[PDB]
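Following: one structure in structure tokens, then a few remarks.
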Amino acid sequence: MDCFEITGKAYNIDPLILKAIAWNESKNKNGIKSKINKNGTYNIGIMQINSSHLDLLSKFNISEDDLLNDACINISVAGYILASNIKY
């Protein structure tokens, strides 16, 4: 199974929803940082996870490089964030 299917299964999110987010945000393109948001933060990788989450993620041994260049990590982190009541 692909990482969208695995992640969707884990967090009870329709995998098509995750794919539609990846498509909207990056056109399913890994390896890219957005231009910097007005608030000075920036969005990372295929699901465009905001840089404000890097602190939390370091506790779990997930770095910025991982989020930017590893699509499956990116996708699984997005799932966790969307499934929680952290602001995305």
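Step by step: first the residues of the stretch 39-55, then only those that are polar (S, T, N, Q) and either crowded, with 20+ Cβ neighbours inside 10 Å or in contact (Cβ under 8 Å) with a residue 24 or more places away in the chain (or both), then the one that is nearest to residue 29 (Cα to Cα). Which residue is that?
48
With the requirement that a residue be buried (at least 18 other Cβ atoms within 10 Å of the Cβ) and either under 13 Å from residue 22 (Cβ atoms) or of a type in the set (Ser, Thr, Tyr) (or both), what does the stretch 56-79 give you? Spell out the reasoning first.
Step one: list which residues in the stretch 56-79 are buried (at least 18 other Cβ atoms within 10 Å of the Cβ), which gives 57, 62, 67-68, 70-71, 73-79.
Within the stretch 56-79, 71, 74, 75, 76, 77, 78, 79 meet the criteria.
Of all residues in the stretch 1-25 being of a type outside the set (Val, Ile, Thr) and part of a loop (DSSP other than H, G, I, E, B), which is farthest from residue 80 (Cα to Cα)?
If we filter the stretch 1-25 for residues that are of a type outside the set (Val, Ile, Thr), which is where we start, we get 1-5, 8-12, 14-16, 18-20, 22-25.
Subsequent filtering for residues that are part of a loop (DSSP other than H, G, I, E, B) retains 1-2, 12, 14.
Details: 1: 18, 2: 17, 12: 10, 14: 13 Å.
So the residue we want is 1.
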### Task
Tell me which residues, restricted to the stretch 26-38, are under 15 Å from the mean Cα position of the chain (by Cα) and either surrounded by 18 or more Cβ atoms within 10 Å (Cβ to Cβ) or assigned to a loop (DSSP other than H, G, I, E, B) (or both).
26, 27, 28, 29, 30, 31, 32, 34
### Message
Please count how many residues of the stretch 56-88 are in contact with a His (Cβ under 7 Å, 6 or more places away or on another chain) and free of Cβ contacts under 8 Å to residues at least 12 places away in the same chain.
### Response
0
### Query
Looking at (1) of a type outside the set (A, V, I, L, M, F, W, C); (2) closer than 25 Å to residue 14 by Cβ; (3) in a loop (DSSP other than H, G, I, E, B), which is the only condition residue 41 fails?
(2)
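Positions of Cβ are generated from backbone atoms using ideal geometry, with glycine treated the same way; all protein chains shown enter the neighbour counts. Read-outs: derived from the displayed coordinates by stated rules, not from any lab.
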